[PDB]
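# Report on the structure
Letter by letter, the chains look like this.
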Amino acid sequence: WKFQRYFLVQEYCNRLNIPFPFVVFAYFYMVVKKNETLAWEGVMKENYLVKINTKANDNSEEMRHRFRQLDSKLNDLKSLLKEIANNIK
Amino acid sequence: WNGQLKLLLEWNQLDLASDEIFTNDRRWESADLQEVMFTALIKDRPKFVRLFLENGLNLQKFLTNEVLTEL
Amino acid sequence: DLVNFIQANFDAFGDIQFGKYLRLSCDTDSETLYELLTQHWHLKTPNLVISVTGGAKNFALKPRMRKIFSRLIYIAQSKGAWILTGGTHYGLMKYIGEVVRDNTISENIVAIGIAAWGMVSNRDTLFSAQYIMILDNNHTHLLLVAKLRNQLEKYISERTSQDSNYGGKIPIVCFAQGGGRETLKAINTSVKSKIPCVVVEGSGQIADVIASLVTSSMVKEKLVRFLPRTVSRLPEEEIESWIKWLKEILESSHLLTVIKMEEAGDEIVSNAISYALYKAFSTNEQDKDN
């Protein structure tokens, strides 16, 4: 219904836009005689892409990465402790 | 630099290329990308296209009349 | 009116609109420059967020860096803070200009950019001579003349402010991201003035070195790991200078704030800047017990 409403509204706005009984005069007379917006669009596009990226990243799976980083740091600390022990003896 | 980047591009390796080639230790210059960029358009590897666009490539400059004509 | 005063204060000034521009001299006093700038060009700034980036044109725009700097620009606009930058139209500077343009298209942001007169080849001397063609186009108050910027920053920090709290002193935080030698010198000289500096370890090679740092052998190993080409090309004399500069930087640990890689929330830049300013205000010992 909205699509057809657009069609009809455009049809009415396209013609002479004169009451029906008084359109013959218009016909006779006409026969006788006859980028700021794009920049704003780009900015909103960038904002939309950022929003999509945030929605994708909302998974919140970074906990595993943080745990892996902590484990790697612990392994490095253990290796340093082993090296210190070897140096002592 | 160019041959190393081409070799990495021969296989779909994104993170490796980002870490090794664009580490910023050695200046690569944006104008050098053009050639390899063209290959990325033919190998059908969009991620390298993203890399080149984000690493200083001027896409409009790349789309020269001769480039578009050949493509 | 203002031009007549400038004639005596500085002649040889060129205003370009397509964007005010000026010719700077080393002997020029920062006090008079700031007074005139407040008198005619702009208003007193509640905050000054300077940016330190390598003069080399080569740069890499990582998504995290892009988001962080977008948040920084948003915060600056919200607080109405001044921004000081090299302004040579390359990499990070170009991205900052583009972000400023995007923000202003969508109540104003000051993007004063100090650069070197000699480094730029094209000359378009004057009335309002305008030329196209190194210089940036999105910056608003670019001017041509390291020492001058530090002098201006310290003078502005000393200047009393009737608003923004912070004990009548403007925050004037220093921001440094990326890897370079001149950024090391800028961070060191800023620390000499006690200005609180914030660093991001995500991308910057020397920034990551400093972030990991918080002895001489350890510093050498870190810089070799993060600067292989720079270390190899750097001469023996420069190694000692770099080591001493970095060691002096580490002496003031409290001022130097760092951004962690784990942090991924929307509010990261604001937290870091606020924490750095809080540390500076609390540990200064002057109007800190209040």
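Per the PDB entry, chain B carries the name Transient receptor potential cation channel subfamily M member 8 and comes from Mus musculus. Per the PDB header, the entry is named "Cryo-EM structure of the mouse TRPM8 channel in complex with the antagonist AMTB".

As recorded in the PDB entry, chain A goes by the name Transient receptor potential cation channel subfamily M member 8, listed as coming from Mus musculus.

### Re the overall build of chain A
Each helix and strand counted, chain A has four helices and zero strands in total. Listing the helices and strands of chain A from first to last along the sequence gives α-α-α-α. Against the globule reference of 12 Å for 89 residues, chain A gives a C-alpha radius of gyration of 36 Å, more extended than a compact globule. Considering only C-alpha atoms, chain A reaches an extent of 115 × 35 × 10 Å along its principal axes.

### A few points about the packing of helix α3 (residues 63-79) of chain C against helix α4 (residues 92-105) of chain C
Residue and element names in this part refer to chain C. Viewed as axis vectors pointing N to C, α3 and α4 meet at an angle of 50 degrees, and their least axial separation amounts to 10 Å. Taken together, the axis directions place α3 and α4 in an arrangement best described as oblique. With respect to the hand of their crossing, α3 and α4 are arranged in right-handed fashion. Residues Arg-66, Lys-67, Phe-69, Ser-70, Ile-73, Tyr-74 and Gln-77 of α3 pack against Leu-92, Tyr-95, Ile-96, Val-99, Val-100 and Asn-103 of α4. Counted by class, the contact of α3 with α4 contains eight nonpolar, three polar and two charged residues.

### Some points on the sheet that holds strand β5 (residues 174-176) of chain C
Residue and element names in this part refer to chain C. Read across the open sheet, the five strands follow the order β2-β1-β5-β6-β7; overall the sheet is parallel. Looking at which strands have only one partner, the edges of the open sheet turn out to be β2 (82-84) and β7 (257-259). Strand after strand, the sheet turns through a mean of 25 degrees between neighbouring axes, direction not considered. Note that strand β1 (residues 48-52) and β2 share three bridges and pair parallel. Counterpart to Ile-50 in the pairing with β2 is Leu-84. The strands that helix α5 (residues 147-158) touches are β1 and β2; relative to β1, the one it contacts most, it runs at about 160 degrees.

### Let's talk about the UniProt feature "coiled-coil region" in chain A
Annotation from UniProt places "coiled-coil region" at residues 54-89 of chain A. A distance of 53 Å separates the end C-alpha atoms of residues 54-89 of chain A, which is 86% helix and 0% strand.

### A look at the pairing of strand β6 (residues 197-200) of chain C
Residue and element names in this part refer to chain C. Note: β5 against β6, three bridges, orientation parallel. Directly across from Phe-175, in β6, lies its bridge partner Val-198. In this region the chain leaves β5, passes through helix α6 (residues 181-192) and returns to the parallel neighbour β6; the handedness of that crossover is right-handed. Across three bridges, the pairing between β6 and β7 is parallel. Along β7, the bridge assignment pairs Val-200 with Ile-259.

### Topic: the interface of chain C and chain B
Counting residues at the interface gives five residues for chain C and five residues for chain B. In the side of chain C that touches chain B, the residues fall into three nonpolar, one polar and one charged.

### Examining the state of the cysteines
All names here are of chain C. Here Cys-174 engages in a disulfide with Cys-197; their sulfurs sit 2.0 Å apart. Disulfide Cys-174-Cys-197: torsion about the S-S bond near -110 degrees, hence left-handed. In this pair, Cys-174 sits in strand β5 while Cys-197 sits in strand β6, placing the two residues 23 residues apart along the sequence.

### Side note on the packing of aromatic side chains
Look at A:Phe3 and A:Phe7: their rings are 5.4 Å apart centre to centre, the planes differ by 80 degrees, and that puts the pair in the edge-to-face class. Here the residue A:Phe3 and the residue A:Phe7 both occupy positions in helix α1 (residues 2-14), the gap between them amounting to four residues, near one helical turn. In textbook terms, an aromatic cluster arises when at least three aromatic residues are bridged by ring pairs, as seen for A:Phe3, A:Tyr6 and A:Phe7. The cationic tip of A:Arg15 hangs over the ring face of A:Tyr12; the distance from NZ or CZ to the ring centre is 5.2 Å. Above the face of the C:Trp245 ring, C:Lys244 is positioned so that its terminal group lies 5.5 Å from the ring centre.

### Regarding the pattern of salt bridges
All names here are of chain C. A salt bridge links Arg-101 to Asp-102, with the nearest nitrogen and oxygen atoms 4.0 Å apart. For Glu-153, the salt bridge is made with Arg-149, and the minimal N-O distance between the two is 3.9 Å. Residue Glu-153 and its partner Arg-149 are both found in helix α5; the two are separated by four residues, about one turn of the helix.

### Concerning the environment of C:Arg159
Residue and element names in this part refer to chain C. Note on placement: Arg-159 falls in the loop between α5 and β5. Considered as a pair, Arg-159 and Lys-169 are ten residues apart in the sequence and their alpha carbons are 6.8 Å apart. The residues touching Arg-159, leaving out its near neighbours within four places in the chain, are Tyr-34, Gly-168 and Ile-170.

Quick notes on the rules
- Positions along each chain are numbered from 1 by the written sequence. They may not match the entry numbering, and residues without coordinates are not shown.
- For this description, chains carry letters from A and ligands carry numbers from 1, given in the order in which they are written.
- Remark: the chains included constitute part of a larger assembly, and values are reported for the included chains only.
- Computation of side-chain values: all heavy atoms of the structure, hydrogens and water removed.
- Residues with missing side-chain atoms are left out of burial classes, side-chain pairs and their counts.
- A run of H or I in DSSP counts as a helix once it spans at least four residues, and a run of E counts as a strand once it spans at least two, with each numbered from the N terminus.
- Values of the radius of gyration come from C-alpha atoms, whereas the globule rule sets the reference at 2.2 Å times the count of residues to the power 0.38.
- Note on definitions: angles span 0 to 180 degrees between N-to-C directions of axes, and those axes are lines fitted to C-alpha atoms, for helices only across the stretch in contact.
- Roughly parallel means an angle under 35 degrees; roughly antiparallel means over 145; roughly perpendicular covers 65 to 115; every other angle is labelled oblique.
- Less than a right angle of anticlockwise turn of the near helix away from the far helix marks a crossing as left-handed, whereas a clockwise turn marks it as right-handed.
- The contact criterion used throughout is that any non-hydrogen atoms of two residues lie within 4.5 Å.
- Basically, the charged four are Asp, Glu, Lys and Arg, the nonpolar ten are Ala, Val, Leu, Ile, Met, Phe, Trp, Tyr, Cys and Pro, and anything else, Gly included, counts as polar.
- Should DSSP find at least two bridges between two strands, the strands are regarded as paired.
- UniProt positions are given in the numbering used here, feature names are shortened, and annotations may be inferred rather than shown by experiment.
- By convention, a crossover is right-handed whenever its connection, traced from the first strand over the helix to the second and viewed with the strands pointing away, goes clockwise.
- In this description, the term disulfide denotes a pair of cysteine sulfurs within 2.5 Å.
- Each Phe, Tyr or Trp ring (for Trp, its six-membered ring) is paired with any other whose centre lies within 6.5 Å, and the angle between the two planes then decides the class: stacked below 30 degrees, edge-to-face above 60, tilted in between.
- Both a distance and an angle decide whether a charge sits over a ring: NZ of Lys or CZ of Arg must be within 6 Å of the ring centre and within 35 degrees of the ring normal.
- For this document, the term salt bridge refers to a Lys or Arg side-chain nitrogen within 4 Å of an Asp or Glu carboxyl oxygen.

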